[PDB]
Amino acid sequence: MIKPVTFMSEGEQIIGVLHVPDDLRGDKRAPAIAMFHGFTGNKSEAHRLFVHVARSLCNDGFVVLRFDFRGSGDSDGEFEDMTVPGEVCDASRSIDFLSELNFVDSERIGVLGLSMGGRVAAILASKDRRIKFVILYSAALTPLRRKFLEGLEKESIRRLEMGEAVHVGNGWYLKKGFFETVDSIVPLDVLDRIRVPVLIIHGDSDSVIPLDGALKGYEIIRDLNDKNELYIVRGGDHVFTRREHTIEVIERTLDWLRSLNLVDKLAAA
């Protein structure tokens, strides 16, 4: 079952989509995953990657919530006002939403994030005791403010300082709040607070987010939980465009989740 949902965050509506397993009995409760999209992404994500990921997770027995951050997709708000802390607010609200569903096991909720959404996932997991596992795809874990500004002309940076929304490419505009707070929390600085299982998947041909950041992240957390894993997708680009890479990412994610024993369909009988 797939159905649209809405909830409020920071005074504004978020629209999302909820995947519910069809074999979920009346009293039964399922583990759940909230999925966080990337920068200038939406809840379907590139070449519908999140749709495919969510369908596979739901087939595996998870309730899955995908939603548009405020300022993205069909949620309220303007993109130029978006900030990473604002997306952490939204992300926490999506956990609230899953926690209040009577067919979700409130003690078996985890998160999945792609790139900037992986940044959000890591930040939220460093704080939120409700998160029981973290899945990071192509995650942006390192400082980004300087790299973002280095892509802008000096006169554009001044206009940003003066309060203008400036063009950042492909028709997307951004105000300074994003640049001021994208490094308020840098994930590498708080990764050692995450003690639940973390799966890091990163392509060795990612031209957007260097693999180096995923390697550093794994180095920090590898012995904090003996289920933590780093999977490097050989030939994989930032959003796993080649079909075989998308399949590999999904297969590795399902396999890893199996190791955590979150679903027990045999016992469900």
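All residue numbers are counted from 1 along the displayed sequence.
Trainee: For the stretches 150 to 158 and 75 to 83, which has the higher mean C-alpha B-factor as given in the deposited record?
Mentor: The recorded data point to 150 to 158.
Trainee: Select between 256 to 264 and 19 to 27 the stretch whose C-alpha atoms have the higher average B-factor in the entry.
Mentor: Looking at the record's C-alpha B-factors, the answer is 19 to 27.
Trainee: Quiz for you: based on the deposited Cα B-factor, which of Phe133, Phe103, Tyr137, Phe178 is highest?
Mentor: Highest CA B-factor of the listed options: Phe103.
Trainee: For the C-alpha B-factor as written in the entry, point me to the maximum among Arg66, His52, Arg70, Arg234.
Mentor: Comparing C-alpha B-factors across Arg66, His52, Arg70, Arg234, the maximum falls on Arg234.
Trainee: Looking at the temperature factor on the CA atom of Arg195, which third of the chain's modelled residues does it land in?
Mentor: Answer is middle: the recorded C-alpha B-factor places it there.
Trainee: Could you tell me which third, lowest, middle or highest, the C-alpha B-factor of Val5 occupies within its chain?
Mentor: Its C-alpha B-factor belongs to the lowest third of this chain's values.
Trainee: Comparing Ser205 with the other modelled residues of its chain, is its CA B-factor in the lowest, middle or highest third?
Mentor: Its C-alpha B-factor belongs to the highest third of this chain's values.
Trainee: Compared with the other modelled residues in the chain, in which third is the CA B-factor of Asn59?
Mentor: Answer is highest: the recorded C-alpha B-factor places it there.
Trainee: Give the position of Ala122 by CA B-factor within its chain, expressed as the lowest, middle or highest third.
Mentor: As the PDB entry reports it, the C-alpha B-factor of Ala122 lands in the lowest third of its chain.
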